[PDB]
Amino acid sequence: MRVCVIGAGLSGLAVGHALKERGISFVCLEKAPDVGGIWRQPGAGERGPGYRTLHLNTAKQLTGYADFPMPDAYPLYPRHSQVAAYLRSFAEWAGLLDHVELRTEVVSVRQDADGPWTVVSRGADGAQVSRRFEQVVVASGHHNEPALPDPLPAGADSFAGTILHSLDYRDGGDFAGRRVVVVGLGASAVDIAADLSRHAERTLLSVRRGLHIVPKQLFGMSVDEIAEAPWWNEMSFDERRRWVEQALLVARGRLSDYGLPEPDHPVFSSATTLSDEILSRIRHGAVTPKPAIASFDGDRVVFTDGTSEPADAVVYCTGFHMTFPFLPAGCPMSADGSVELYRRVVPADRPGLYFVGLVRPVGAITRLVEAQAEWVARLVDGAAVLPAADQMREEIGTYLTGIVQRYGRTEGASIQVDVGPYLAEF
């Protein structure tokens, strides 16, 4: 009755546990057969971002719910299987399952001209239903639509192999004995190559830009756990750069010495891809660096260096677009694409709407989703209020005029935040 929480991922669950702790009527509507978000799919063979080799890249003490510690015996980087099971367990322990409608897909969402919202949802039967809720929390994720290169390399309609995205990648095993080109230098690409390196007769990694490649642990301590060190803080933004710069040459040297394109801008001023394996897998010829693809010569792929290779398949780890198909109207976004959400959560013009999770921290988000849930719960019952809409558009336009100034015009930069200062305001 009171709140429709869209989705039962890490974010809905956190949200459904903040509303219950305050006594608010609410339901969570998930489209999948269980809760867990993306973490549940690798494991039921379902098409999602993850893959049979997906483990955390952040620490457990910092990625689990602060009030629901992850099992003792779990490692620093548990696997998709262990996380999905911790999440199911959290919903069990926080009483949220009585509230979750599974296999119920939200087809649509909309404001009526009095403030409650009609929410249409699709039952497994495909049979549709419309209901009405006073408030709606969107917790749908921003990794739902794959981002294929728009000009797809010519000749791809006449390739004799399988062109695919990391959403459809599942097991390194399905590619046994075959020849594949992973496209990307992100955490999905470095991971799929490393898998394909132990299953496919050959694995090539097509890169086009070059990203600082960091190992998961420096000095024994994970990159998230150092960003929380008091010693790492209390260090200026150049004391750190050089620290790391000095730090990564001693740990992996230079990347031009691995056949990888050097990045144009230094660490922190260019994305980092975390990986403890992709440099070794190269130094062992399990994966071979390539430039970008230029065409598909039936049975083979051509690169911008002139090189050719027989290639049964090509898995494009090119990333994801954020869509909200159930918001028949502007997604939080307006104009250049800038997402317009106050404190990264509140639509300025739409009362009754909240967005939990749209943020990309440098690190694990769990603590960021938890804050948003608590504040959203206080906004929903009236224990918290927002500024007027004109003043909310000042915080947004400040965050944006600033985002184009430390990150510069680029993509998805407008959901990007600093963990510490942002979670201080909660």
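Each residue number is its position in the shown sequence, starting from 1.
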key: Stretch with the greater mean C-alpha B-factor as recorded in the entry, comparing 88-96 against 224-232   = 224-232
note = Going by the entry, of stretches 262-270 and 286-294 the one with greater average Cα B-factor is 262-270
task = Specify which of 357, 50, 45, 69 carries the largest Cα B factor in the deposited PDB entry.
result = 45
ask   = Which one, 306, 215, 332, 75, has the peak C-alpha temperature factor per the PDB entry?
value = 332
task = For residue 414, return the chain-relative third of its C-alpha B-factor as stated in the PDB record: lowest, middle or highest.
result = highest
ask   = Ranked by Cα temperature factor within the chain, is residue 193 in the lowest third, the middle third or the highest third?
value = lowest
task = Select lowest, middle or highest to describe the third in which the CA B-factor of residue 30 falls within its chain in this entry.
result = middle
key: residue 3 by Cα B-factor - lowest, middle or highest third of the modelled chain   = middle
request  = Would you check the entry's CA temperature factor for residue 147 and let me know if it's in the chain's lowest, middle or highest third?
outcome  = middle
